[PDB]
Structures are given as structure tokens and as C-alpha cells.
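As a starting point, one isolated chain is supplied in C-alpha cells, in the form deposited in one PDB entry.
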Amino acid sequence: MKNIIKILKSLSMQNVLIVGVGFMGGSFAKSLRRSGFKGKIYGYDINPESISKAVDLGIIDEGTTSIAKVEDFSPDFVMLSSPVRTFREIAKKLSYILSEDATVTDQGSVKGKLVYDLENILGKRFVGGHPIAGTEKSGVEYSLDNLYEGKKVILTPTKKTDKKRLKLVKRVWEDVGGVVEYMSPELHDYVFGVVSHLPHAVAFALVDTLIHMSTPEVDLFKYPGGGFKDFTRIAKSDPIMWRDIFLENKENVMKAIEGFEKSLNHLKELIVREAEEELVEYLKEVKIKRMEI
């Protein structure tokens, strides 16, 4: 009698649309299936090969490249997984196709104003999210059915978020193994501006530095074993994605670089003043914090 928590659960989400059928879109589709989801998974992509590869791999049941065909799929759950620069335009087009009862959510690596813009486009259907997962992979062929297990997923509810959709999006992420927490859109963009965007910005600029400080007689790239090695991981990054993340989170990325410049300026001062003991303590305190994890 009371056990019918089960039926509500099955009826809460029946036709799922993956927008952007790439690595993240496909890892989500796969992880969703692996958690025992029995409904339909549909794909929408501008690249018909993304759809082609995902269907034959069994990752979606069917898909399309015409936005207007999406309507035939009557999705009630949408996971935005294209580049974040596409989200506004696509959400414009979903806003008419989707029933008032649909839920839209996303995996976008930036939140901030984008969440407010998406909720204004989509009314009440929208819940912002960011799974702190990722690797340096692209394309559905690389999608993993456990990408999210044991990782943080940040949802960014507002005063406008629908509590039952927030709660569903939370539960769907936990079914795939994620650990959910909440941050405002603005706090999210500050936090990840600092812990994620800044570190990439600074790896980018390091590479640029070794290029202009090399001379015709000296290729500095020949000497990676002195500390530069870990920074060369930046070679695996996608320049277009970073370009878009930098632009979209510009105000937080600039604040983060600013606080970085303050830290580096402090280190220069200790160096030039030969502050022997201060310099040790500066390095010791960063040592301890970095070791905690």
C-alpha cells in the first residue's frame, strides 16, 4: 500500500533528452541506464555523427539534429550537455516544445548569470547543476558509465527554483553516485573561478611564458623535470571550452587573477627584501594546506 514510493519514482521521469550527445552527455546517459532507469533516453545534437555513434553504442535509444523533431520525443527531463555558450539559444527553443511539467537541468561548468537567464527563459522548469567530474576527454565514444561515482555535484537553486524539481535533480544525481550540495549561482562562479579557472589561466600563461623567454639558442621546453612537468597537463585542455569558460565567468576569473596577483606580489616582496623567516613561513603555511588535500 504505502510502498508506492516506487510508482511515483517511475512516473517522475520517463522521457529523458540528452542535449549535446558528447562525453558528458553520454556519461550521464550511461550512468542513468546503469542506475536501473527504464524509460526512454533520446539525444539531440547538431552533429548527426554524435547521434549515430550514441545509438549504435546503445547510449540513447534514438536521436535527431532538427530541434523541431525533439517534440516527437515529449521529454519531461532534459540534461543540457552541449557547450555552455549554446544553452541560452537552445533553451529558447525548448521553452515552446516542452510541457509545463518538464524539468531542465544542466552539467555546465559555469553557473552565475547563466542560471538566471535560463530560468527567465524556461520559467519554473530549470535547475542549474555542475558535476565536479570531468577529464580531458571529448566525444560519446569516450563516455563512462561511472564518471560521477563519489564526486561532488553542485546545484545552484534560487528563490525561483521549484522545490520538487530541485529535489528530483538531487535524487537523479545521487542515483548515479554523486554527492550533492547547494550553492547560489554567484557563489558557485566565485568558488570555481578561484579553484578551477584561475589554475588553468595560470598554466596557460606559464606556457606562453616559456615560449617568449626561450631564445634561438635555448628551448626552455627541453627542461620539464624541474617542476614544469605537472603544468604540461594543460596540453590536454580544450582551448575553445576554456575560451568560453573565461568569457562567461569573466568577472570572477578577473577577481581570482587579482587575488593570485596579490599572493604572487607578496612572494616577490619577501624575495626582494630577503625576508628569510617570513619566506619560510609563507612556504610552510602553503605546504600544510596543500598536504591536507
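For clarity, a rigid core is taken as the largest C-alpha set superposing within 1.5 Å between two forms. In this text, residue numbers run from 1 along the sequence as written.
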For 122-130 versus 89-97, entry-based mean Cα B-factors point to 89-97
Compare the mean C-alpha B-factor of 50-58 with that of 32-40 as given in the PDB entry, and name the stretch with the higher value. 32-40
Largest Cα B-factor, entry values, listed residues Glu181, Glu217, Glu186, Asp208: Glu217
Member of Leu283, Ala275, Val16, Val19 with the greatest C-alpha B factor (per the PDB record): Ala275
Would you check the entry's CA temperature factor for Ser143 and let me know if it's in the chain's lowest, middle or highest third? highest
Within this chain's modelled residues, let me know which third the CA B factor of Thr64 belongs to: lowest, middle or highest. lowest
Can you work out whether the C-alpha temperature factor of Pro239 puts it in the lowest, middle or highest third of the chain? highest
Entry-reported Cα temperature factor of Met24, expressed as the chain third it lands in: lowest
Just say lowest, middle or highest third for the CA B-factor of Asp45 relative to the other modelled residues in its chain. middle
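Same protein, other form: the form deposited in another entry, not shown, and the subject of what follows.
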Sole residue of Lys262, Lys229, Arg243, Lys250 shifting 2 angstroms or more in CA between the shown form and the other one, core aligned: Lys229
